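Some notes on the structure that comes next.
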Amino acid sequence: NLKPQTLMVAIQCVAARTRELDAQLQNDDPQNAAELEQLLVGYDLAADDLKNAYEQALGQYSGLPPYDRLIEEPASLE
Amino acid sequence: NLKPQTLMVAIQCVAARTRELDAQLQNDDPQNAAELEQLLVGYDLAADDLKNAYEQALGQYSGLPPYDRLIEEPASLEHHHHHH
């Protein structure tokens, strides 16, 4: 079983890549952006599966932050 | 449970973010390098755990790719040549 710290890092990294790829779509060649757009739906499906696993972890383990905190866009970027 | 597809995305996103942090550490004047290194320890630990989970996810005759293919450095596969 994956450790809760692992779930946290995965959640954070999938959220960060999703943001980074989204940010550049506007400038990207439309052909490329369209293909990324489809990859990014796949990222969101993965993100949902990770959330479900994390919610199970929140019922098992203490000392974990709320899900919405993990995926929050960092203040220094917004 | 995590689906195989979810594990692949997680593995590849952790690897991508790891590469981004490594590039920052290699550039001039990394700020808070010790702290970037702390983040990388956690990244590495998650990566190892995800690796183990991915191996667990594979059937005996899986179609899914080797783990090493998921984490390989993209630039390492590129070749670049101008026209003569």
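Labels for the structure tokens follow display order: chains A, B, ..., residues from 1 in each chain, ligands from 1.
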For the contact check between chain A and chain B, emit one row per residue of chain A within 8 Å, containing the shortest atom pair and the distance in Å rounded to one decimal, counting only C-alpha atoms, chain then rising number order, as CSV.
```
residue,atom,partner,partner_atom,distance
A:1,CA,B:53,CA,7.4
A:2,CA,B:49,CA,6.3
A:3,CA,B:49,CA,7.4
A:5,CA,B:46,CA,7.1
A:6,CA,B:46,CA,4.4
A:7,CA,B:46,CA,7.7
A:9,CA,B:46,CA,6.5
A:10,CA,B:10,CA,5.4
A:11,CA,B:10,CA,7.8
A:13,CA,B:14,CA,5.5
A:14,CA,B:13,CA,5.5
A:17,CA,B:13,CA,6.4
A:42,CA,B:9,CA,8.0
A:43,CA,B:9,CA,6.5
A:45,CA,B:6,CA,7.5
A:46,CA,B:6,CA,4.4
A:47,CA,B:6,CA,7.6
A:49,CA,B:2,CA,6.3
A:50,CA,B:2,CA,7.0
A:53,CA,B:1,CA,6.5
```
Sel. of alpha helix (DSSP H) residues, chain A, as a ChimeraX atom specification: /A:4-24,30-58,67-70
Give me the residues within 10 Å of residue 73 of chain A as a JSON list (two decimals) with C-alpha atoms, in the first residue's frame, counting only C-alpha atoms and dropping any in the same chain fewer than 6 places off.
```
[["chain", "number", "residue", "atom", "x", "y", "z"],
["A", 12, "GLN", "CA", 1.07, 17.85, -5.72],
["A", 15, "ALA", "CA", -1.55, 19.32, -9.95],
["A", 16, "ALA", "CA", 1.68, 21.25, -10.72],
["A", 19, "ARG", "CA", -1.06, 23.96, -14.18]]
```
Two-atom distance - atom CA of residue 58 of chain A, atom CA of residue 41 of chain A (Å): 25.4 Å
Contacts of residue 8 of chain A within 8 Å, only C-alpha atoms, excl. fewer than 4 positions in-chain, as number ranges by chain: A: 4, 12, 54, 70
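Put simply, atom CA of residue 57 of chain B is 14.4 Å away from atom CA of residue 70 of chain B.
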